[PDB]
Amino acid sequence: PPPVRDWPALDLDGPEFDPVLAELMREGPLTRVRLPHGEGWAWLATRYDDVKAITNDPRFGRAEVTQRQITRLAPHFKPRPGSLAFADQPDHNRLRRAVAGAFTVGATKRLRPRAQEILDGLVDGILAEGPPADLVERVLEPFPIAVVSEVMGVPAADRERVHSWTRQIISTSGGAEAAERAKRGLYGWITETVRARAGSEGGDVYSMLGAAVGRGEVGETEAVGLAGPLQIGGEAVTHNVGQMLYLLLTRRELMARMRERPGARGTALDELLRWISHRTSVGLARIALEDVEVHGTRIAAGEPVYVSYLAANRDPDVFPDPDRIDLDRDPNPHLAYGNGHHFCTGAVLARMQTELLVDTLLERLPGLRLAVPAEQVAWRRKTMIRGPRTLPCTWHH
């Protein structure tokens, strides 16, 4: 076989695709890579089809991954009971069942209005204070959160604790014991919550869950593990949209389109979604459960495999001229939200927040543009999700 490759945790200063990934891509359909932490190496599927296929083969377990030392990108690794991330059917299915209702298309169409109201207040502020403002800390961050806390079902008196605790995201890292108590707060509060809310209607996520624990269908010890991620999830929109904006704000050709013909931002937003390198490397792996012949290659049982949707999204077979941003692509079946029964639970809710951000920010912030040079925007370092550290923008006042 081909020699194992080292895939360091490099910090690109920009939206730049990962070069080493680019390399592994042209090295063959499958490659062996060694990540920063954890022992051994791991398989890597770069081709669209193999990826979609690998992510949909029942023969790949994700639970076993909680018990091994798979070569990983993160320093620490502590999976928690209830987490969908390591859920395996029938488990997974049982769990998502308890919260899925809140993220449905019908569930999100009903929120748009209340989420628009939210965003509007936020815009009301920067508009009123004046142009020199950081869209990242004034809109893009407190917004996905608030909207999610709405779906989650955080009360109105709790509306300020929860937000204030959702500082696990931070600018970068508040500190080792910093976001520690914070994550220890939200999670505590959540148990407290779920414990009450037992036996109660309301599509409210904490209600459904807490009622499910009532019926023991997802009983505690799984609660703060299932809702945990869903609560903190807004974080992704805060960085992905931060990037959509960054490209729009540094590539006049894109902003032109985005503006010269709104109500057409639909495919454009899909293009950005596909093209953007959302995370810094590869996420959680999947363990091969019984010797699979992935793209003419005997992957033995017990062996771990990863998938790079990022690279998958660049497959020339599927996306002609993959590296060019187009904004006007055909059906463009990208995979930013994942695939298989581990597809993004918030994809639909995320899109809605994305469609509000771009539309609303481009609308109320007339002639929106960077307030500093492009070289002035810094990027998050050493973290799963890639993104601008801030965004100083200005607008006609």
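The numbering used is simple: start at 1 and walk along the sequence shown.
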Between 75 to 83 and 187 to 195, which has the higher average C-alpha B-factor in the PDB entry? 75 to 83
I need to verify one thing: averaged over C-alpha atoms only, is the B-factor higher for 215 to 223 or for 125 to 133? 215 to 223
From the entry's CA B-factor values, the highest among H92, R259, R252, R298 is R298
Out of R324, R181, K109, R314, which one has a C-alpha B factor higher than all the others in the entry? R181
Relative to the other modelled residues of the same chain, rank the CA B-factor of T280 and answer lowest, middle or highest third. middle
Could you tell me which third, lowest, middle or highest, the C-alpha B-factor of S207 occupies within its chain? middle
Among the modelled residues of its chain, does the C-alpha B-factor of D50 lie in the lowest, middle or highest third? middle
When the modelled residues of the chain are sorted by Cα temperature factor, does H342 land in the lowest, middle or highest third? highest
Within this chain's modelled residues, let me know which third the CA B factor of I70 belongs to: lowest, middle or highest. highest
